[PDB]
Number of protein chains: 2
Amino acid sequence: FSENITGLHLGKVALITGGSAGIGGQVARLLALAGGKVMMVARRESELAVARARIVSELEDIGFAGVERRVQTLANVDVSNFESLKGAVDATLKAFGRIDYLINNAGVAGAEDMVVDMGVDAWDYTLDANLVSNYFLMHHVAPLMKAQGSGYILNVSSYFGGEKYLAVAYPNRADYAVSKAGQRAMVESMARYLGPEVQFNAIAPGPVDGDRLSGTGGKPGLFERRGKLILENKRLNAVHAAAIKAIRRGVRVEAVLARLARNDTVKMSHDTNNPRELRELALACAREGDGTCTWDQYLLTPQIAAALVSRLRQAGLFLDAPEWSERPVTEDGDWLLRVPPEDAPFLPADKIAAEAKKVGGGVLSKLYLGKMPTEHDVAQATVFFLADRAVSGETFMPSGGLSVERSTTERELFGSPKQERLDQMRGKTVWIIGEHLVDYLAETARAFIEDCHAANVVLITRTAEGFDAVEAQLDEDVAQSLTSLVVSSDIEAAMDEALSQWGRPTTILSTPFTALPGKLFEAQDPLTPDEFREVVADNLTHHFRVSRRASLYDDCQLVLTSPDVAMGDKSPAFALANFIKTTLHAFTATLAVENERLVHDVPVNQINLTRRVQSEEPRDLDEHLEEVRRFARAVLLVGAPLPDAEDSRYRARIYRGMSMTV
Amino acid sequence: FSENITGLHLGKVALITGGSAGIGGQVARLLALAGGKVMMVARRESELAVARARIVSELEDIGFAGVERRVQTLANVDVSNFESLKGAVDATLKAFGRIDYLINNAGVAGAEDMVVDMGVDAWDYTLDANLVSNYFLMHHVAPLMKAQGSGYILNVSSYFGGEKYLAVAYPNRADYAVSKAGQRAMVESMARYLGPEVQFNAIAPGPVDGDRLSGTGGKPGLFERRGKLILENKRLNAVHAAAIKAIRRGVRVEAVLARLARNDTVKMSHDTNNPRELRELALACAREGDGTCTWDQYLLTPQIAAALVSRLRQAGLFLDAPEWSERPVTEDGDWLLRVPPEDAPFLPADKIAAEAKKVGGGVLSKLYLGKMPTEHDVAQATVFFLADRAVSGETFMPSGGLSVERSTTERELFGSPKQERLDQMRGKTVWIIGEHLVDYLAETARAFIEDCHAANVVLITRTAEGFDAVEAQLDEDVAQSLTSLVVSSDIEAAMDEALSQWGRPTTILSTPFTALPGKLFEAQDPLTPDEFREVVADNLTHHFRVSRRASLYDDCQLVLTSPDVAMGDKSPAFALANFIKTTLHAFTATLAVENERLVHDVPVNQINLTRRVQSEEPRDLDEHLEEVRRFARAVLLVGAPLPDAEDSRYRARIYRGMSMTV
Ligand SMILES: CC(C)(COP(=O)(O)OP(=O)(O)OC[C@H]1O[C@@H](n2cnc3c(N)ncnc32)[C@H](O)[C@@H]1OP(=O)(O)O)[C@@H](O)C(=O)NCCC(=O)NCCS
Ligand SMILES: CC(C)(COP(=O)(O)OP(=O)(O)OC[C@H]1O[C@@H](n2cnc3c(N)ncnc32)[C@H](O)[C@@H]1OP(=O)(O)O)[C@@H](O)C(=O)NCCC(=O)NCCS
C-alpha cells in the first residue's frame, strides 16, 4: 500500500497541526508517501524531529529524490496562541510557496471535570486550542486558497462532538465536546462561504487504537484515565449529596463540614451525633476498599475536599456561615483534620480497571465493524478523502462504524403545558439574563409575572439602558415585579449577588448579551479571529458561566437560548446562529446528563431563536410577534417546575437536554 | 510514479452493475487503474466491449501485465431480471474466485408522473429495478464476503433520496425518490448486520455532468425532460382544477366534460353557455401560445384527457353520472371531439427551455463548489471511498456541495391542538385501514368516535376476524359507530366501495396489513429477496396504493403509519421498521408537495410506531398502553381539519409532510 500511492497527492502542499504523533503524524507520513509536500507543526520538537526523520527515510526507500525538501517541521507551535499559529502559516509559505490543504488536527483533552467543578480558564484553553485555532488558520489560509482557485480545509473533530441533527452527551468532557461539535458545526454552516474554491469537511473518529489510547511510556490508557475520573466524581458527588441532604433538613453547613473534617469513615458511621446522611455515607465508603487503598478509611482527599467546599460556596450555602462565609478560597484544600497517606493509593485499582472495561466494552460493542480503527486506518481514510473533489460541508465517520443510539435531536416547537404546572410559579423568583433581545426578554418577563404570577423577575443585564428598554415594554403594573441587576464584574458574581439579595430562583433563562456579527469571510470586512473568539465567548462560554452556578441551585430549571437573526438580514449571521445552535447543543446534552448525577438534579434545555431554513425565518411583523410569543411559551414549557412524568420513561427524557426551535 | 495509485485496490475484485457507461463505467475504469479486477455488467454487449477495450488499452499504456484477465464483462444483465443478477455474481466468482466489492449502480428514472397519475406496475418496476435488485445482490454476496472475512457493498443513491433525519420532496418522481431513499435506509439500518466483515455505505450525488444529463443524438437533456413534464402536469392540473371547482359549485360532471370535449380555447372563452371556470381556463390557455404550438388552440391532448377522466373517476365523481360510469376505461383517451394536429407540437419549445432553465439554474445555484461534478469526479470520489476500511453505515455526498434547505426532520411527539379543532370531526366519516395492529386500530377508532364524535369509522381489513378483534376491544356504545369493509380484490377497490356506500372521508389512516418479519442476513434463515419484496409491497407500495385514491378526496387528511415491533422482540424487525420509516418519509415529503399543486390539496403526514433508539422502545404492558394512547392522539393531531396557511406560515408548514414518532 504505502509505496504505491505516489500519484494520489503529487505536489499538493499540506499544513498539519499536531503532526508529531497519532493521526496527525500518520497523515503527514501518508501525504508525503502520496507525493505531497508537508509542513508538520507541533509543540514538542523531539517527537516532531523523529517523526519527520522516519518519513524522509521511507520516502528515500520508495525512491523519491529531493526527500529533505518535501517534509518540513515547525516546533513550539502552541494552537492556543495566535502568534504561534501565524508562524506555522508563514513557515509553510516560505518552504513551499503555497498551501493546498489545511489539516486542523491538533487537540487537547481539556478539563476532564463536571461543569460545576470546571474552571473558566480550563474551558477557555480547550475552546482556544481545539476550535478558535481552527478559525484563526481558516481566516489566514482561505484567502490564499481562493486567490489560487482551489484548497481543502479538513477539521479533525470527534464522534463525541455529535453529528448533524444529533447531539451526544459527553459527561465530564463538556469543554472538549463543545470544541469538537464546534469543528463540525463550522463545516456545516461555513462551507457555503468557502466555496466555490475551497472544500471544507470534517472527520469524526471515536476511539482510535494507538499509543495514546493504549497507554505508553508509563502512562495509563484513556479508558483507565476515565475510570479513575469516574470513581473520583462518584466519591465527590456522594459526599456532596450527603452534605446537601443534611443542610436541606436543617443541619448547619458548619456542623456538616466540622464532621466531614474528621475524615474518618469508621468513626463517622459509629458516632451517634453525626447526621444520618453522614453515618450512611461513611458506612457505604467503609465497604468500598481492597486492603491497600485508603478511600475506605478516609472520605476525602484535599483535592475532592476542595471541590466540595467550592460547590457549597457557589450554591450560596456559606452566606450565613460565620467561619466559611469569609475563609480564603486559597484554603479550600486545607480544612481536613487528617488526610490519606501519600504511601498508598486513595482509589482501588480493581474498581479503576472495572470502570475502564465498562467504558471500553461500551464503545467496542457499538462498532459495526467489530474493532476500533487504528491511527493508520483513520489517517489512510483522511488521505483518501483529501483526494476527492466533489464533497464539501460533510463530516466523514472513519470510526469503525461507531453507532451510539440517542434521541437528542433539534425539535421545532408546536406544543403546551397545563395551567396547573404554571400555577406552581406563583410567588416564585425567576432570573432572565440578557441585553439585546428586548422583545423576547420583555414577553418572557410578562409571561412569568402576568400569566404565571411570579413575585420577582430579576433581569440581569450588561447595562442600565438594557434594563430600561425591557421595562419600557411592560405595563406599569407588571413592571412593579421587575428587578434590575447590572453586571459589575462577571456573570457568576452577578448571579452570586442576585442570590444574596433576592433568594433562590425557580427558573434561570440565559440569553446572549450581544447580537451576532453580520460577516464571515468577506474580503472587504471579514470576521477576524479576535471577533470570532468574542462570538464564542458571548454565545458558548457565557452559557457555560451561567450554567456552572445554575446547576448548583435546588428546584431550579435552566434554559439556554441560542442566537436570533434580525428580520430581513441576509448576512452570514444566519450561518453563525446555526453554528452556535449545533455547538451549544453538545453543551446542553452533556450538562443535562451531568446534572442528573448531582444532588441538585437541575434540568437544562435549549431554545433556538433561529430556524434551520433562512426562507422560514419570520419575514413580517405578524410572524415576529408570533415568534416572540412562541419563545415565551417555550421558556415556560422547560422552565416551569417539571411535571410528574417520573411515571413515564418517555416523558421524563423529553424535559432534559432538549434543543427546541420556535 | 505520476499515475501510480495501485496501493489503493491491488487485487480487489469488484462487481459493478450498469458498468458500461456513466458513473458505473468510470468506477470500473478507475478501480482497474488502481489495480482492481472488475466484472462490468449491463444489458448491451456492444457498449460493454467498448468500455472494456478502452480500459484494457489504458492499463497496457500504464504498463500493467496479464491485463486481459483483469477486466471482464457480462451482457444481458438487467436489474429488473433477478436471474440475470444471479448470473452476474456467478460470472464474477468464475472469473476471479471471490468478490470484494459490490457496486449497486444500475437504476431507472421510473414513472415521472404525479402519484395520483402513476400506475402500480410503473411504481413496482422502479422499486424492483432500483431497490429490490440491490437487496437481491446483497442477499447473494453478503455470505460470500462474511465467509472470506471482508467485503464492501456500495449503493449508488441520489441526493434526491434525502439524507439521514432529513427527507426531501422530489415532485413527479415519488417512485424514484422512495427507491433512492431505500438504498440509503438499507445502509443506515442494515450496516450493523453486514458488519463486522462487510462495510456498507452509499453515495448520493445530485446532478452529474455527462452524456445522460446533457442528452445526445437528439434526446432531450434531463432538465429539458423535466421542463416538458412540468408543462404537461401544469396543463392537466389547471384543466382538472377548473373541472373540480365547477363540480363543487354544482355543475354536473357530464356538462363539464361535454364542454371540455369540444376542446376549443377561443370558442370556450366566448360561449356564455360555459361555466365561469371553463371560460377563465380557456382564456388562460389561449394566452400561452408561440405561433407554432397548438396548446393555445386546444385544452387537451388525448393523453392529458385520459389522465383527467381517470382522476375524476378515482375521486368517485362518476358515481351518479350515467354515461361516464359505464364507459370502459380503455376509451379514456377517445372522448375529445377534436384533437391537436400531429404535424405541430402541442407544447411551446420556448416555455420548455424556460422551465428547464428554472430546474437547472435552481440546483446549480445550490452547489457550494459552484460546478456540477462530472461522472469522472463522482467515480474518482467512489474509488477513494472504497479504499477506506473504517466507515460503515454512512452516505457520502460527492455532489459538488449540493445543499437544498428544508425542514423535514423526523420528530418525536410532544405537541397538541385546540379541542375546537378536534370538534370539527363531529358528524364526519373516518377510514382506518389495517389488520395486525389491533390495539392501535381500536384506540384510534375509540378516539375518533368517543373523543371527536365522528359519526362513522370504516375499518377496512384483510379479514372479518381482523375487524372482529378491533370491535371486541370497544365498549358496545362506541362499537355502534364502527363499519366493516373486508378487502375482496385490492385496497383501491375497497376505497371505491367504502366511498360509494358511506361517502367522503374526512380522515384516512393507512396502516400496514402485515407484521414485519423477524430476520435479515442470518445464515440459518435469512430474509429472502422475495420476502424483502413482500416487505416493500406491504409497507411502501401499500401506502402508495391508498395515497393515490386519498389524494383525490376534497377536505380529506391522509395519515400514513410505519411499522411497529412486538414488545420484547430482539430480531432485525427493529432495523426493518427504521428502514421503512426513512424510506416512507421520502414518499410522505414528496406527496405533501404534489398534493398542494392539486385542486384537492390533501395534507399527508406520517406517524411512526417504532423509535430510533431500541432501549427507548416500550418494555412493559404500561409503556405499551401509553404508546397506543399516544398513537391515537398523533392520528388526531394530523387527521383533524388542519390550520390554514393564512393563519400562520410556520404552523401550516409543520402539518404537511411531517414524520412524527410516538
Ligand atoms: C459513551 C460515554 C461518553 C458515556 O459516558 P457516561 O454516560 O458518563 O457513561 P460512562 O461509561 O462514562 O459511565 C460509567 C459509569 O460511571 C458513571 N459516571 C460517569 N461520570 C460520572 C459522574 N461525573 N458522576 C457520577 N457517575 C458518573 C456512569 O453513570 C456509569 O455509572 P453506572 O455504570 O454505575 O450506571 C462514555 O462511556 C465514554 O467516554 N466512552 C468512551 C468514549 C471514547 O471512546 N472516546 C474517544 C474520543 S475522546
Ligand atoms: C429541486 C426539485 C426537485 C424541486 O422540484 P419542484 O418543487 O417540482 O420544483 P421544479 O424546479 O421542478 O419546479 C418548477 C416549476 O414547476 C412547478 N411544478 C413542478 N412539478 C409540478 C407539478 N407536478 N404540478 C404543478 N406544478 C409543478 C413548480 O411548482 C414550479 O412552479 P414555479 O416556478 O411557478 O414555482 C426540482 O427543481 C428538480 O428536479 N431539480 C433538479 C434535480 C436534479 O438535479 N436531479 C439529479 C438526478 S436524480
# chains A, B, ... in the order shown; residues from 1 in each chain; ligands from 1
>>> calpha_fit_rmsd(fixed="chain B", moving="chain A")
0.8 Å
>>> residues_near_ligand(ligand="ligand 2", cutoff="7 Å", atoms="only C-alpha atoms and all ligand atoms", output="MDAnalysis selection string")
chainID B and resid 114 158 160 169:172 206:208 223 226 230 233:234 237 355 358:360 362:363 594 597
>>> write_last_selection(atoms="N, CA and C atoms", output="PDB file, in the first residue's frame")
ATOM      1  N   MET B 114     -46.964  12.365 -11.395  1.00  0.00           N
ATOM      2  CA  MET B 114     -47.546  12.603 -10.054  1.00  0.00           C
ATOM      3  C   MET B 114     -48.141  11.291  -9.522  1.00  0.00           C
ATOM      4  N   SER B 158     -29.156   8.751  -4.517  1.00  0.00           N
ATOM      5  CA  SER B 158     -29.198  10.110  -5.092  1.00  0.00           C
ATOM      6  C   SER B 158     -29.447  11.117  -3.973  1.00  0.00           C
ATOM      7  N   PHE B 160     -31.450  13.239  -4.018  1.00  0.00           N
ATOM      8  CA  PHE B 160     -32.927  13.435  -4.008  1.00  0.00           C
ATOM      9  C   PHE B 160     -33.614  12.199  -3.421  1.00  0.00           C
ATOM     10  N   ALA B 169     -38.498  16.348  -0.786  1.00  0.00           N
ATOM     11  CA  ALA B 169     -39.573  16.121  -1.770  1.00  0.00           C
ATOM     12  C   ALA B 169     -38.949  16.045  -3.167  1.00  0.00           C
ATOM     13  N   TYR B 170     -39.386  15.085  -3.974  1.00  0.00           N
ATOM     14  CA  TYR B 170     -38.973  15.001  -5.395  1.00  0.00           C
ATOM     15  C   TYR B 170     -40.257  14.898  -6.196  1.00  0.00           C
ATOM     16  N   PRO B 171     -40.982  16.021  -6.368  1.00  0.00           N
ATOM     17  CA  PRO B 171     -42.282  16.007  -7.046  1.00  0.00           C
ATOM     18  C   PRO B 171     -42.170  15.444  -8.465  1.00  0.00           C
ATOM     19  N   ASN B 172     -43.111  14.582  -8.820  1.00  0.00           N
ATOM     20  CA  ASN B 172     -43.232  13.896 -10.121  1.00  0.00           C
ATOM     21  C   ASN B 172     -42.344  12.657 -10.134  1.00  0.00           C
ATOM     22  N   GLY B 206     -26.110  14.520  -6.574  1.00  0.00           N
ATOM     23  CA  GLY B 206     -27.256  15.149  -7.226  1.00  0.00           C
ATOM     24  C   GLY B 206     -27.071  15.100  -8.733  1.00  0.00           C
ATOM     25  N   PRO B 207     -27.243  16.212  -9.448  1.00  0.00           N
ATOM     26  CA  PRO B 207     -26.963  16.204 -10.883  1.00  0.00           C
ATOM     27  C   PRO B 207     -25.466  15.948 -11.112  1.00  0.00           C
ATOM     28  N   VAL B 208     -25.185  15.143 -12.148  1.00  0.00           N
ATOM     29  CA  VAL B 208     -23.839  14.684 -12.542  1.00  0.00           C
ATOM     30  C   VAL B 208     -23.644  15.064 -14.009  1.00  0.00           C
ATOM     31  N   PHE B 223     -32.915  18.086 -17.731  1.00  0.00           N
ATOM     32  CA  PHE B 223     -33.564  19.360 -17.322  1.00  0.00           C
ATOM     33  C   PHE B 223     -34.704  19.674 -18.303  1.00  0.00           C
ATOM     34  N   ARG B 226     -37.591  17.234 -17.636  1.00  0.00           N
ATOM     35  CA  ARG B 226     -38.431  17.703 -16.517  1.00  0.00           C
ATOM     36  C   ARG B 226     -39.229  18.943 -16.952  1.00  0.00           C
ATOM     37  N   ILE B 230     -43.249  19.198 -16.560  1.00  0.00           N
ATOM     38  CA  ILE B 230     -43.844  20.288 -15.740  1.00  0.00           C
ATOM     39  C   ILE B 230     -44.975  20.950 -16.546  1.00  0.00           C
ATOM     40  N   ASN B 233     -48.005  18.608 -16.717  1.00  0.00           N
ATOM     41  CA  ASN B 233     -48.677  18.493 -15.397  1.00  0.00           C
ATOM     42  C   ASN B 233     -49.379  19.808 -15.068  1.00  0.00           C
ATOM     43  N   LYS B 234     -48.789  20.981 -15.374  1.00  0.00           N
ATOM     44  CA  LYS B 234     -49.481  22.272 -15.104  1.00  0.00           C
ATOM     45  C   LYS B 234     -50.762  22.361 -15.939  1.00  0.00           C
ATOM     46  N   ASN B 237     -53.232  19.845 -14.428  1.00  0.00           N
ATOM     47  CA  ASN B 237     -53.736  20.302 -13.103  1.00  0.00           C
ATOM     48  C   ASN B 237     -54.708  21.470 -13.287  1.00  0.00           C
ATOM     49  N   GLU B 355     -38.549  26.479 -18.498  1.00  0.00           N
ATOM     50  CA  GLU B 355     -38.760  25.604 -17.301  1.00  0.00           C
ATOM     51  C   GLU B 355     -37.451  24.861 -17.012  1.00  0.00           C
ATOM     52  N   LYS B 358     -35.170  27.093 -15.214  1.00  0.00           N
ATOM     53  CA  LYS B 358     -35.572  27.159 -13.789  1.00  0.00           C
ATOM     54  C   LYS B 358     -35.029  25.916 -13.068  1.00  0.00           C
ATOM     55  N   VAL B 359     -35.241  24.728 -13.637  1.00  0.00           N
ATOM     56  CA  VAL B 359     -34.816  23.452 -12.992  1.00  0.00           C
ATOM     57  C   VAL B 359     -33.286  23.458 -12.813  1.00  0.00           C
ATOM     58  N   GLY B 360     -32.533  23.662 -13.898  1.00  0.00           N
ATOM     59  CA  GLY B 360     -31.060  23.559 -13.919  1.00  0.00           C
ATOM     60  C   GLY B 360     -30.424  24.646 -13.076  1.00  0.00           C
ATOM     61  N   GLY B 362     -31.778  26.372 -10.606  1.00  0.00           N
ATOM     62  CA  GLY B 362     -32.107  26.043  -9.209  1.00  0.00           C
ATOM     63  C   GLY B 362     -31.002  25.225  -8.546  1.00  0.00           C
ATOM     64  N   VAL B 363     -30.680  24.035  -9.063  1.00  0.00           N
ATOM     65  CA  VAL B 363     -29.736  23.105  -8.378  1.00  0.00           C
ATOM     66  C   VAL B 363     -28.335  23.676  -8.551  1.00  0.00           C
ATOM     67  N   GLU B 594     -46.664  17.498  -3.873  1.00  0.00           N
ATOM     68  CA  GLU B 594     -47.501  17.246  -5.070  1.00  0.00           C
ATOM     69  C   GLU B 594     -48.946  17.638  -4.776  1.00  0.00           C
ATOM     70  N   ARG B 597     -50.304  21.093  -5.148  1.00  0.00           N
ATOM     71  CA  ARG B 597     -50.404  21.543  -6.552  1.00  0.00           C
ATOM     72  C   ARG B 597     -51.727  21.073  -7.139  1.00  0.00           C
TER      73      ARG B 597
END
>>> interface_residues(of="chain A", to="chain B", cutoff="8 Å", atoms="only C-alpha atoms", output="MDAnalysis selection string")
chainID A and resid 1:8 10 165 191:199 368:371 373 377:378 380:381 384:385 387:394 396:401 405:407 411 413:416 612:613 616 623 648 650
>>> select_by_dssp(residues="segment 226-441 of chain A", states="strand (DSSP E or B)", output="MDAnalysis selection string")
chainID A and resid 367 374 395:396 402 410:412 429:433
>>> select_by_dssp(residues="segment 243-486 of chain B", states="alpha helix (DSSP H)", output="PyMOL selection string")
chain B and resi 243-249+253-262+265-270+276-286+302-314+322-326+349-364+375-385+419-422+438-446+464-471+476-479
>>> residues_around(residues="residue 75 of chain B", least_positions_apart="2", cutoff="6 Å", atoms="only C-alpha atoms", output="PyMOL selection string")
chain B and resi 41-45+77
>>> residues_around(residues="residue 467 of chain A", least_positions_apart="6", cutoff="8 Å", atoms="only C-alpha atoms", output="list in words")
residues 435, 459, 460, 461, 484 and 486 of chain A
>>> write_last_selection(atoms="N, CA, C and O atoms", output="mmCIF file, in the first residue's frame")
data_model
loop_
_atom_site.group_PDB
_atom_site.id
_atom_site.type_symbol
_atom_site.label_atom_id
_atom_site.label_comp_id
_atom_site.auth_asym_id
_atom_site.auth_seq_id
_atom_site.Cartn_x
_atom_site.Cartn_y
_atom_site.Cartn_z
ATOM 1 N N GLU A 435 -29.623 41.258 27.152
ATOM 2 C CA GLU A 435 -29.404 42.690 26.861
ATOM 3 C C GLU A 435 -30.113 43.058 25.552
ATOM 4 O O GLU A 435 -31.102 43.746 25.595
ATOM 5 N N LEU A 459 -33.949 40.797 36.168
ATOM 6 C CA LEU A 459 -33.399 40.966 34.796
ATOM 7 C C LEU A 459 -31.936 41.406 34.936
ATOM 8 O O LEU A 459 -31.652 42.551 35.441
ATOM 9 N N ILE A 460 -31.023 40.472 34.652
ATOM 10 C CA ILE A 460 -29.558 40.647 34.820
ATOM 11 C C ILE A 460 -29.027 41.092 33.457
ATOM 12 O O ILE A 460 -29.169 40.320 32.474
ATOM 13 N N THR A 461 -28.607 42.363 33.349
ATOM 14 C CA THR A 461 -28.255 42.955 32.042
ATOM 15 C C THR A 461 -26.784 43.362 32.065
ATOM 16 O O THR A 461 -26.148 43.377 33.142
ATOM 17 N N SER A 484 -33.876 45.099 38.613
ATOM 18 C CA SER A 484 -32.647 45.296 37.796
ATOM 19 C C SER A 484 -31.417 44.833 38.567
ATOM 20 O O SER A 484 -31.246 45.176 39.777
ATOM 21 N N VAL A 486 -27.416 45.004 37.192
ATOM 22 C CA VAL A 486 -26.475 45.255 36.068
ATOM 23 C C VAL A 486 -25.146 44.590 36.424
ATOM 24 O O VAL A 486 -24.658 44.801 37.533
#
>>> atom_distance(atom1="atom CA of residue 189 of chain B", atom2="atom CA of residue 155 of chain B")
13.5 Å
>>> residues_around(residues="residue 609 of chain B", least_positions_apart="6", cutoff="7 Å", atoms="only C-alpha atoms", output="list in words")
residues 562, 563, 564, 661 and 662 of chain B
>>> residues_around(residues="segment 82-87 of chain A", least_positions_apart="4", cutoff="9 Å", atoms="only C-alpha atoms", output="PDB file with C-alpha atoms, in the first residue's frame")
ATOM      1  CA  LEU A  74       7.956  23.879  12.919  1.00  0.00           C
ATOM      2  CA  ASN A  76       6.841  25.025  19.701  1.00  0.00           C
ATOM      3  CA  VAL A  77       3.642  25.720  17.708  1.00  0.00           C
ATOM      4  CA  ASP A  78       1.021  26.104  20.502  1.00  0.00           C
ATOM      5  CA  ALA A  91       6.741  28.794   7.505  1.00  0.00           C
ATOM      6  CA  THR A  92       4.528  26.783   5.090  1.00  0.00           C
ATOM      7  CA  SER A 133      -7.345  27.934  16.489  1.00  0.00           C
ATOM      8  CA  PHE A 136      -7.634  31.515  13.108  1.00  0.00           C
ATOM      9  CA  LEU A 137      -5.948  29.283  10.475  1.00  0.00           C
ATOM     10  CA  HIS A 140      -5.371  33.341   7.112  1.00  0.00           C
ATOM     11  CA  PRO A 529     -10.056  35.682  14.695  1.00  0.00           C
TER      12      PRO A 529
END
>>> atom_distance(atom1="atom CA of residue 502 of chain A", atom2="atom CA of residue 117 of chain A")
24.9 Å
>>> closest_residue(among="A:552, A:499, A:452, A:49", to="residue 315 of chain A", atoms="only C-alpha atoms")
A:552
>>> closest_residue(among="A:232, A:320, A:423, A:450", to="ligand 1", atoms="only C-alpha atoms and all ligand atoms")
A:232
>>> atom_distance(atom1="atom CA of residue 514 of chain A", atom2="atom CA of residue 571 of chain A")
16.4 Å
>>> closest_residue(among="A:640, A:247, A:356, A:38", to="residue 428 of chain A", atoms="only C-alpha atoms")
A:640
>>> closest_residue(among="A:361, A:503, A:22, A:162", to="residue 582 of chain A", atoms="only C-alpha atoms")
A:162
>>> residues_around(residues="residue 580 of chain B", least_positions_apart="6", cutoff="9 Å", atoms="only C-alpha atoms", output="mmCIF file with N, CA and C atoms, in the first residue's frame")
data_model
loop_
_atom_site.group_PDB
_atom_site.id
_atom_site.type_symbol
_atom_site.label_atom_id
_atom_site.label_comp_id
_atom_site.auth_asym_id
_atom_site.auth_seq_id
_atom_site.Cartn_x
_atom_site.Cartn_y
_atom_site.Cartn_z
ATOM 1 N N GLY B 182 -34.583 4.373 -0.126
ATOM 2 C CA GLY B 182 -34.484 2.965 0.325
ATOM 3 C C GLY B 182 -33.059 2.445 0.255
ATOM 4 N N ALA B 185 -31.439 4.050 3.289
ATOM 5 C CA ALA B 185 -32.071 3.499 4.504
ATOM 6 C C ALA B 185 -31.554 2.094 4.751
ATOM 7 N N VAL B 535 -42.039 -7.311 1.946
ATOM 8 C CA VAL B 535 -41.910 -6.221 2.947
ATOM 9 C C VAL B 535 -42.143 -4.876 2.249
ATOM 10 N N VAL B 536 -41.537 -4.706 1.085
ATOM 11 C CA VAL B 536 -41.695 -3.450 0.283
ATOM 12 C C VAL B 536 -43.159 -3.299 -0.110
ATOM 13 N N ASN B 539 -45.379 -2.480 3.071
ATOM 14 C CA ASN B 539 -45.002 -1.296 3.896
ATOM 15 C C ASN B 539 -44.699 -0.004 3.125
ATOM 16 N N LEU B 540 -44.514 -0.090 1.818
ATOM 17 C CA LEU B 540 -44.296 1.103 0.959
ATOM 18 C C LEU B 540 -45.382 1.138 -0.106
ATOM 19 N N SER B 562 -46.000 3.879 9.749
ATOM 20 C CA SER B 562 -44.867 2.960 9.532
ATOM 21 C C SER B 562 -44.902 1.899 10.626
ATOM 22 N N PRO B 563 -44.118 0.817 10.457
ATOM 23 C CA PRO B 563 -44.216 -0.363 11.309
ATOM 24 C C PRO B 563 -43.938 -0.294 12.814
#
